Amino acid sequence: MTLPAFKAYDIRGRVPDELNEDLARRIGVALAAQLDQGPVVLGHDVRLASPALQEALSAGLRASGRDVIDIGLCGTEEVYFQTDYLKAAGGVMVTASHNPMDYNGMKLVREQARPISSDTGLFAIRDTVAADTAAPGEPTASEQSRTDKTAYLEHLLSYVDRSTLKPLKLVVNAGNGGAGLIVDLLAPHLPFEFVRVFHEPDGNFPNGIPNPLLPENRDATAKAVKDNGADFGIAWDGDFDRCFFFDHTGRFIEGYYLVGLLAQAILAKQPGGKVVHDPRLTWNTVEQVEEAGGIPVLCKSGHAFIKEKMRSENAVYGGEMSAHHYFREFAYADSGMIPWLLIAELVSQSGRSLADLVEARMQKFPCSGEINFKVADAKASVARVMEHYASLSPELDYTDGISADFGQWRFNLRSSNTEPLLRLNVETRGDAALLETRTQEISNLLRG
């Protein structure tokens, strides 16, 4: 076999059998051999095991003569920002993002925070780690503590014109992850009145693991918004590289619509720019980007494809329907902080509620949401669907699974690259009835 913890985009496994201090130190040694010259930035999330995992990573790296910059407890996006800002050779974030409590992992990048994935070094690291029986060497390089967030915070604030901000009332829900530390540091520089829910970092997660997609966790943010008459609410996953929005009615906003919203926000600052988006749900993004004078660029879903395409295109912003938002100026990396600052600035400047900013777009391009199927035979199942729709002659695109455009409706059907799973997305041209009948039709075919 091979080490299960090494996935397509990152390392994720149960502690201690899938991931432990010895593997972490071995990963540091193997990572040293993969990077260009320079030091390595290390950071970690709130999980109880994360500091020790970072400490082993450090020991392996310095045993290989790599200077380590320890930026401490942080969000995943701070490892991206600091790796790029400090012109490091690389960086690793120790995080479980949103996995259960007996789980942990790492997210690895090289220069300029470029991702290290299965096929761009991560499996090379895996195989080196898998075959490494050598004795732990002793450190021949140093560790520097660098917890100053000033540059990071100034960079967050630079996305908005602070004198145009209104004193909005915002619910913030860290889910006992790490987002609250950054909110509290931004707060003295912002006019908003914050309503803090599940604010303190707690690696035991007394209120549940930080996953705003769970309806139980969703409802705590919705309730705080409604009970306090907040303008909107924001929730983050544990390492807060994803954020999730709730309008003034408590309604969770499906992430598809935030791509076109955030693209328009950005395009008013950087006119004529290119905007990268995924193929799962498209029509609304294409229209909003073009309406805002931008150029939409279709790209295979997955954060490493998005970033690579943004780089080759000098795209100012890339957005994925699944709550990933990437920013050229942020080392082409994703942030869970920039999107809500942009949204709060848009609400402040426009005088429109978050609800009204998206409502007409949701009516014009209703979507199913991402619907997952675990089926006995994915390939046979997909063939059943294509067979059933063949007579209608859809316009097909194979950028990322199968996209079929029927005119008034379209779908994308993909195999997940991170899970053995089929993923379905359907949208229509302003037709909620057509949306439901087609979604159900495709579901039955897949389940057949």
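Rigid core: the largest C-alpha set superposing within 1.5 Å between the two forms. All residue numbers refer to positions in the sequence shown, first residue = 1.
- Superposing on the core and measuring CA offsets in 8 other deposited structures of this protein, the stretch of 42-50 and 412-420 with the greater mean deviation is 412-420.
- Superposing each structure in 8 other deposited structures of this protein on the rigid core shows that the farther-lying of 372-380 and 149-157, by root-mean-square Cα distance, is 372-380.
- In this entry, the higher average B-factor at the C-alpha atoms falls on 264-272, of the pair 264-272 and 313-321.
- On average the C-alpha atoms of 127-135 have higher B-factors than those of the other stretch, with 127-135 and 237-245 being the two compared.
- For the set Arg410, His44, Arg66, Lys379, the PDB entry assigns the largest Cα B-factor to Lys379.
- Going by the entry's values, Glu329 shows the largest Cα B-factor out of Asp278, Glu329, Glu154, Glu77.
- Among all modelled residues in this chain, the alpha-carbon of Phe81 has a temperature factor (C-alpha) in the lowest third.
- Remark: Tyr103 belongs to the highest third of its chain, ranked by C-alpha B-factor as recorded.
- The deposited CA B-factor of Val15 belongs to the highest third of values across its chain.
- When the modelled residues of the chain are ordered by their C-alpha B factor, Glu345 lands in the lowest third.
- Among all modelled residues in this chain, the alpha-carbon of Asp70 has a temperature factor (C-alpha) in the lowest third.
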